[PDB]
Number of protein chains: 4
Amino acid sequence: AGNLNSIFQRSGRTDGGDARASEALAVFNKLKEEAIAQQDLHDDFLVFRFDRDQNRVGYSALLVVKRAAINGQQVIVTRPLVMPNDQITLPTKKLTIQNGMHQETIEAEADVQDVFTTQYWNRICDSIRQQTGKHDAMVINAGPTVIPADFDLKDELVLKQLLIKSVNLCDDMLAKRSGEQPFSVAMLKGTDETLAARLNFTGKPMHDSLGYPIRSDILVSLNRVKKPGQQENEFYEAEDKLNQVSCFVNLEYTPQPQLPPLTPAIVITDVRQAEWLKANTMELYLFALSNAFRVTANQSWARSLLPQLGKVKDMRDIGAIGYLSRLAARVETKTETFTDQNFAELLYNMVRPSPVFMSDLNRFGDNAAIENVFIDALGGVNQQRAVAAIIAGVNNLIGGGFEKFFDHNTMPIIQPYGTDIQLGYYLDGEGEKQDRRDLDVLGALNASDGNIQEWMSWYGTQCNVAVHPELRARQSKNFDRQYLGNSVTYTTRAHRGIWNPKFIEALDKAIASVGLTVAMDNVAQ
Amino acid sequence: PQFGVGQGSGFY
Amino acid sequence: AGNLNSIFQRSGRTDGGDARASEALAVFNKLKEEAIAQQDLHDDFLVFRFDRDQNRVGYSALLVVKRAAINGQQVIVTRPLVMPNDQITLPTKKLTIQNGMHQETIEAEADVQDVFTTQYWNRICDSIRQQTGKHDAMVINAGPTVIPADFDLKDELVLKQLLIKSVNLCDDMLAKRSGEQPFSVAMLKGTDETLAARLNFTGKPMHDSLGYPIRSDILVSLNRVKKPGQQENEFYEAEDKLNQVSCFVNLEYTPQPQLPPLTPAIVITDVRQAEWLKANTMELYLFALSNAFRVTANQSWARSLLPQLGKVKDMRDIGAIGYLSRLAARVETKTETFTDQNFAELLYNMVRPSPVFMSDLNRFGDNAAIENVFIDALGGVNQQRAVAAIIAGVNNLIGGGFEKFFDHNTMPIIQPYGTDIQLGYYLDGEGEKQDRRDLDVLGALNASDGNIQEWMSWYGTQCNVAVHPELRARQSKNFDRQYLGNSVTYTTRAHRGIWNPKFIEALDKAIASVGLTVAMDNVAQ
Amino acid sequence: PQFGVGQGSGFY
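Residues numbered from 1 in each chain as written, not as in the entry; some residues may be left out. Chains lettered and ligands numbered in written order. Part of a larger assembly, values for the part shown. Heavy atoms only, no water.

**Q** What is the right way to read the overall build of chain A from this model?
**A** The helix and strand inventory of chain A stands at 15 helices and 19 strands. In terms of overall dimensions, chain A is globule-like: its C-alpha atoms have a radius of gyration of 25 Å, near the 24 Å expected for 525 residues. A principal-axis box enclosing the C-alpha atoms of chain A has dimensions of 80 × 70 × 50 Å. Of the roughly 26600 Å² of accessible surface on chain A, a fraction of 48% belongs to carbon and sulfur atoms. Taken together, the 54 basic and 64 acidic charged side chains of chain A have centroids lying 4 Å from each other. (Helix = DSSP H or I, 4+ residues; strand = E, 2+ residues; numbered from the N terminus. Rg over C-alpha atoms; globule rule 2.2 N^0.38 Å. Areas by Shrake-Rupley, 256 points an atom, 1.4 Å probe, with all protein chains shown as cover. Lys, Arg positive; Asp, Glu negative; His and termini not counted. Charge placed at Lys NZ, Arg CZ, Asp CG, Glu CD.)

Written out as structure tokens, the structure reads:
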């Protein structure tokens, strides 16, 4: 039946494609042409519609496609843009859950993680070959992403930017397949140049390529490598930035058989190079990750936990920590008698001194071509290859020697966190988009106003991973409706993992050990 | 508990 | 854990056994001794208690055990008597039913069919060896039966009779293992002796070894082989009977792509030898089965369908047949205008002329040692052996030649009917026990008073065997509560199968062909 | 649909 595609597709063309993939193709072709007209985009490539009608996927997508022949092989790099359609329902999957002696099945919709199967990709490749004529071409996966059903398609600015970013990545991957030279400390280490860095206690969120908010408590900014006394580059003005890492810190309530009860879980939510640089490679990513390490290694992250004193509406007010402590009460942090010293004491008794470094990993994110190696490095059939790629990336940064710090085959680079991440946003009182991750441990304690039993039910939902994830997802959504509100939109899900402490030691020390010295701007607190 | 792998490329 | 039985049982004795197996052992030992005292029973054997505590069964039982060494092998024949205990619940089995895309599990109690597993039997054998000392003995299965929880244990008469019948069978099986001579037509065919037979339109039920009613519309009585003019055996008085077969006829509503809609389903419910004969063997059984064939082959079974004219309470009144016919109404059979001719016409239009012969098969019945070969002959791992035993039994009756009528390897002796049989009884208006099988096709039509939709729901329940039997059993029980009443007791379940028309041809013709002529008593209607 | 077999004897 599915093998009749061999007859169905032999000749001719048809009238088809869903309403969103149709509209999306039309706007993306318009944007391509305007970008060429303004000379922002080069006219060396093609945009294609992938149909659920003409070919074998549940979800249609547009394909950002670039090509070159590399050493005789035709190579195509594709960055799919999934187009979910609110009016189209793909048949659901049966989730059978063996609840001890009780067996029950939950049916559920396929998300981009379930949709982007290995065959989904292979079908994308085949269609491109039909559309490009390159039937013997190899196709590079730049990472599928999704442009969600919900918003109006008239945002030409964002859509233009999506094409720009997607072609950037396509050029990188053709280049890196072509053998292009890597990013390294040697390029930064001018004989007359040094690095410096600071922690930004932002007070604001940051936004992905489609404009959705990303939680961050601290933005780590690594300054441009340079030195006073160097030749000024004519009449210029520039931001002195090299890269940045977005992160936040939760306070996880963790077991112990003497440590205090909460863990300073430092979570990377995003990794970006400064906007003036176009390329996106593993070496650039890996180098930037050292920015999160310094958050607790040299500086002190705990300043981010200070309550917004004077602000009534602080949903994550530290005062909530008193509900997990022996007080079983909110600390009065509204008062003129609440001091910096009292804050430090709450933490002395409640929060552990040893930082833990972890990060999100998203196969469908803005950095998916790279996120995918870090995800496969967690485990599975190609873990060894993904790990080899990552250690090679750091060695490219330092000129070898990562191996002088530890054995990557005894110490895999990233461990699973188990509980995965539901992403989404909610609207605040003025209708702005805010990250749903705000109901973190302090957030949830204030949301239940001290009802510890309600908190613990939620907390167990977010921690006990012997419970099938569908059951956990349903309870997590039930809790958002009661505590966050009904104005909640869900977005593409993501993985989380723990960076191996030895990977971290080797990355940070190896860079410092080759002389790429970085000064702290916050010289003392 | 298990890790699925999609069709990644370039690095392998 | 279960292998610790190897330590648990090494030495000593314990205080144990359930209250019913305890009481049952005490009464059965009393009965053994009285039977010896009255000289009815020979003192050559043992009675044993099988415990659910001391050994590996869900249900305790008493064991009727006899032994002899046969050609050097120690042989024990056992007839288990299961003792269900209303106060003891055995953990239930999970019945997972795949209802298309819907999976649901029903938990249910193990019945004697589920309980008497191959290992149940092997455990019975091992305990007997511990109790008899015959550790190298082979044990013959005389067929387990059950003595239900419900009634009071003070019925010494029935219990004595159960021991008597069970030891009879044990002696037969030791004999038949010993090579004892078979029953045959040659033993009946005196040079001066002939057979004769009649159909009894009873107006009453017949009762099993525990006193429960068995449905029968017609009792076929085969008269003792003899002739006037033979020497009279002193001053004697005897019933001139050899054997009998109990049967009933339903009217099944069957499909057709010209035949009338109902099938004359002739069902054997019991097979008995005359009470003066003690042995129970396959040849005796097989010979008696010819009694049912003659019901339609020589005589006419349809007389059993006559309504009990003048009796208001006839739950199976033929008038109901008008609900399945084009009349969609009850035939007025209460009236002085209802005639024999009108009856025949109802049947001419409603009931097919070609009889179908089938029988019940019960592994736990009074004839279980034999029922078991006829059941295994239906199909399964030992079907070929069971069939070989059955054809040998008929050849023993006739001196060979069954094979001159048909190939038993092309025509298996009994086919499955698919829908199995729920057995039980209900109480009538005076509190007497009546067979639940009374709500047959005519019965059910009167019970719903012509509501064909209610009838068809029930009828489909009893015919569509793509439906898991648990679902069917639940609906069958729901229908008895609404239509039969709540005074319904369920008893041991049974199989049904169809006797191959060629088996029947060969049995009847082979006996007649060797000269064992039988006269019909009902020479004309 | 299938036929289970218990531990019958004597005839086999």
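**Q** Mind showing me how you'd approach helix α5 (residues 156-177) of chain C here?
**A** Because each turn of an α-helix spans 3.6 residues, side chains separated by three or four positions in sequence point in the same direction. Residue and element names in this part refer to chain C. Compared with an ideal rise of 1.5 Å per residue, which puts 22 residues at 32 Å, α5 spans 32 Å between its outermost C-alpha atoms and is within 8% of the ideal. Of the positions making up α5, those classed as buried are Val 158, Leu 159, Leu 162, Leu 163, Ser 166, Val 167, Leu 169, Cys 170, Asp 172, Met 173, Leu 174 and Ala 175. Immediately beyond the C-terminal end of α5, within one or two residues, lies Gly 179, with a positive phi of roughly 85°. (Expected span 1.5 Å × (residues − 1). Buried < 20%, exposed > 50% of the residue type's maximum accessible area, 1.4 Å probe, protein only.)

**Q** I tried to follow the interface of chain A and chain B on my own but got confused; where do I start?
**A** One frequent convention defines the size of an interface as the accessible area lost when the parts assemble. Taken together, the 26 residues of chain A in the interface contact ten residues of chain B. In total, about 1400 Å² of surface goes out of reach between chain A and chain B, with carbon and sulfur atoms giving 63% of it. Among the residues chain A hides against chain B, the three largest losses belong to A:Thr118, A:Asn141 and A:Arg177. Together they make up 22% of the total. On inspection of chain A and its partner chain B, the count reaches zero salt bridges. Taken together, the links from chain A to chain B amount to four residue pairs in polar contact. Of all the secondary-structure elements, those providing two or more residues to the side of chain A that touches chain B are α4 (118-132), β6 (138-141), α5 (156-177), α10 (368-376) and α11 (383-398) of chain A. Counting residues per element, the side of chain A that touches chain B draws most heavily on α10(A), which supplies five residues. Grouping the constituent residues of the side of chain A that touches chain B by class yields 14 nonpolar, seven polar and five charged. (Contact = heavy atoms within 4.5 Å. Buried area = accessible area lost by both parts, 1.4 Å probe. Salt bridge = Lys/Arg side-chain N within 4 Å of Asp/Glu carboxyl O. Polar contact = N/O pair within 3.5 Å; in protein donor to acceptor, adjacent residues only side chain to side chain. Nonpolar A, V, L, I, M, F, W, Y, C, P; charged D, E, K, R; others polar.)

**Q** Sorry, what's going on with helix α9 (residues 340-350) of chain A here?
**A** All names here are of chain A. Restricting attention to buried positions, one finds in α9 the residues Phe 343, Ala 344, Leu 346, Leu 347 and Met 350. Taken down its axis, α9 places every buried residue within 155° of arc, on the same side. Exposed positions of α9 whose direction lies more than 90 degrees from the buried face are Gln 341, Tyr 348 and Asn 349. Of the surrounding secondary structure, the elements contacted by the buried residues of α9 are β13 (262-273). (Arc of directions from axis to C-beta.)

**Q** I keep staring at the packing of aromatic side chains and nothing clicks. Help me out?
**A** In this description, an aromatic ring pair is defined by two values, namely the gap between the centres and the angle between the planes. Applying the stated criterion across every chain yields a total of 32 aromatic pairs over all chains. Judged by centre distance (5.6 Å) and plane angle (80°), the rings of A:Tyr253 and A:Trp455 are edge-to-face. With a centroid separation of 5.4 Å and an interplanar angle of 35°, the aromatic rings of C:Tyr212 and C:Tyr425 are classed as tilted. As far as the burial class goes, C:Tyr212 and C:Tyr425 line up, both buried. Here the aromatic cluster, defined as three or more aromatic residues joined through ring pairs, consists of A:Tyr285, A:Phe374, A:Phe402, A:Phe406, A:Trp499 and A:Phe503. Note that C:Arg20 overlies the ring of C:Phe151, its terminal NZ or CZ placed 5.4 Å from the centroid. C:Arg303 extends its terminal NZ or CZ atom over the ring of C:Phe201, reaching a point 5.7 Å from the ring centre. (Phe/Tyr/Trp six-rings, centres within 6.5 Å; stacked < 30°, edge-to-face > 60°. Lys NZ or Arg CZ within 6 Å of the ring centre and 35° of its normal.)

**Q** Would you mind going over the side chain of A:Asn446 with me for this structure?
**A** Residue and element names in this part refer to chain A. Positionally, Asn 446 belongs in helix α12 (residues 441-447). Exposure remark for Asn 446: the relative accessible area of 14% places this residue in the buried category. Within the local environment of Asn 446, its side chain forms a polar contact with the backbone oxygen of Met 315, the two atoms lying 3.0 Å apart. Once residues lying within four places of it in the same chain are set aside, the contact partners of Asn 446 are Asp 314, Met 315, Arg 316, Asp 317, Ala 320 and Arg 330.

**Q** It is not clear to me how the pattern of salt bridges should be interpreted in this structure. Could you clarify?
**A** Pairing is possible between side chains that carry opposite charge, provided their charged atoms lie close to one another. Scanning the model with the defined rule gives 62 salt bridges over all chains in all. Its salt-bridge partner being A:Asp270, residue A:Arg272 comes within 2.7 Å of it at the nearest N-O pair. Taking relative accessible area as the criterion, A:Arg272 reaches 29% and is therefore assigned partly exposed. Among the ionic pairs, C:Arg496 bridges to C:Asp360, the shortest N-O distance being 3.0 Å. Residue C:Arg496 is located in strand β18 (residues 488-499), and its partner C:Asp360 is located in strand β14 (residues 356-361); the two are separated by 136 residues in the primary sequence. Accessibility classification places C:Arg496 together with C:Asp360 in one group, the buried group. Taken together, the salt bridges that share partners define one network made up of A:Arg215, A:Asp217, A:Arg316 and A:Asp440.

**Q** I would appreciate a short explanation of the arrangement of the chains in the present structure.
**A** Spatially, chain B is disjoint from chain C: no contact exists, and the shortest C-alpha separation is 25 Å. Separated throughout, chain A and chain D approach each other most closely at a C-alpha pair spaced 25 Å apart.

**Q** Whenever I open this one, the nonpolar core confuses me. Can you help?
**A** Counting 80 residues, the largest nonpolar core has C:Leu286, C:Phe287, C:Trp301, C:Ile318, C:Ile321, C:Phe374 and C:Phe503 as the members making the most contacts within it. Broken down by element, the residue count for this core peaks at eight residues, all from helix α11 (residues 383-398) of chain C. The residues contacting C:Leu286, other than those within four sequence positions of it, are C:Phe374, C:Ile390, C:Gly393, C:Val394, C:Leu397, C:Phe503 and C:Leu507. A:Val185, A:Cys247, A:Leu378 and A:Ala510 belong to the second-largest nonpolar core, a separate cluster that totals 79 residues. (Core = buried A, V, L, I, M, F, W, Y, C linked by side-chain atoms within 4.5 Å.)

**Q** For this particular structure, what's the right way to read unusual backbone geometry?
**A** Comment: phi is negative for the bulk of residues other than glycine, and the bulk of peptide bonds are trans. Here A:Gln39, not a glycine, exhibits a phi torsion of approximately 60°, which is positive. Locating A:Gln39 in the fold gives a position in the loop between α2 (19-37) and β1 (46-50). With a relative accessible area of 72%, A:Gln39 lands in the exposed category. Positive phi values are uncommon outside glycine, yet C:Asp449 reaches one of about 50°.

**Q** In this structure, what is going on with the side chain of A:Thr132? I would like to understand it.
**A** Among the secondary structure elements, A:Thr132 is positioned in helix α4. Within the structure, A:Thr132 has its side chain in polar contact with the backbone nitrogen of A:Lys134 (distance 3.2 Å).

**Q** In this structure, what is going on with the pairing of strand β16 (residues 421-427) of chain A? I would like to understand it.
**A** Looking down a regular strand, the side chains alternate between one sheet face and the other. Residue and element names in this part refer to chain A. Counting buried residues along β16, six of its seven residues qualify, which places the element largely inside the surrounding structure. Alignment of β16 against strand β18 (residues 488-499), held across five bridges, turns out to be antiparallel. Note on β18: the bridge partner recorded for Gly 424 is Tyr 490. Strand direction decides the pairing type here: β16 and strand β17 (residues 433-435), joined by three bridges, are antiparallel. Bridging across to β17, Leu 427 finds its partner in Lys 433. If you look at the hairpin formed by β16 and β17, you'll find five residues sitting between the two strands, and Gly 431 has a positive phi there, around 85°. (Pairing = 2+ DSSP bridges.)

**Q** Sorry if this is basic, but what is going on with a nonpolar patch on the surface here?
**A** Residue and element names in this part refer to chain A. A contiguous nonpolar surface patch, about 290 Å² in accessible area, is contributed by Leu 4, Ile 7 and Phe 8. Considering the arrangement of structural elements, one finds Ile 7 in helix α1 (residues 5-8). Residue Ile 7 is classed as partly exposed on the basis of its relative accessible area of 44%. (Patch = residues over 30% accessible without salt bridge, like charges linked within 9 Å, V, L, I, M, F, W, Y side chains within 5 Å.)

**Q** Which parts of the structure should I look at to understand the packing of α10(A) against α11(A)?
**A** Helices that pack against each other are described as a pair by the angle of their axes relative to one another and the distance between those axes. All names here are of chain A. Two numbers describe how α10 lies on α11: the axes approach to 7 Å, and their chain directions differ by 120°. Viewed along their axes, α10 and α11 adopt a mutual orientation that is oblique. The handedness of the crossing between α10 and α11 comes out as left-handed. Where α10 abuts α11, its residues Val 373, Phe 374 and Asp 376 lie against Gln 383, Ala 386, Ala 389 and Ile 390. A per-class count over the contact of α10 with α11 returns five nonpolar, one polar and one charged. (Axes fitted to C-alpha atoms, helices over the stretch in contact; angles between N-to-C directions. Parallel < 35°, antiparallel > 145°, perpendicular 65-115°, else oblique. Left-handed = near helix turned anticlockwise from the far one by under 90°.)

**Q** Looking at this model, I keep getting lost on the packing of α11(C) against helix α15 (residues 501-512) of chain C. Mind explaining?
**A** Residue and element names in this part refer to chain C. Contact geometry of α11 with α15 gives a least axis separation of 10 Å together with a crossing angle of 15°. It follows from the interaxial angle that α11 and α15 lie roughly parallel. Handedness of the α11/α15 crossing: left-handed. Residues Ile 390, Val 394, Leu 397 and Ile 398 of α11 pack against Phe 503, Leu 507, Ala 510 and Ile 511 of α15. Split into classes, the residues belonging to the contact of α11 with α15 amount to eight nonpolar, no polar and no charged.

**Q** Just to check I follow, could you spell out the pairing of strand β6 (residues 138-141) of chain C for this structure?
**A** Residues and elements named next belong to chain C. Neither face of β6 is left uncovered, since the one carrying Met 138 and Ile 140 and the one carrying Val 139 and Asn 141 both have all their residues buried. Across four bridges, the pairing between strand β3 (residues 73-82) and β6 is parallel. Its bridge partner lying in β6, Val 75 is registered against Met 138.

**Q** Honestly, the state of the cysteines in this entry has me stumped. Any pointers?
**A** Here a disulfide denotes one covalent bond, and it connects the sulfur atoms of two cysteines. For the structure shown, the criterion picks out zero disulfides over all chains. For A:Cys125, which is in no disulfide, the shortest distance to another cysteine sulfur is to A:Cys170 and amounts to 12 Å. (Disulfide = S-S within 2.5 Å.)

**Q** Looking at this structure, how should I read the environment of A:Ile97?
**A** All names here are of chain A. Positionally, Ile 97 belongs in strand β4 (residues 93-99). When its relative accessible area of 6% is taken as the criterion, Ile 97 is described as buried. Every residue in contact with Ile 97, bar those within four places of it in the chain, is listed here: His 102, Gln 103, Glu 104, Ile 106, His 468, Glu 470 and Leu 471.

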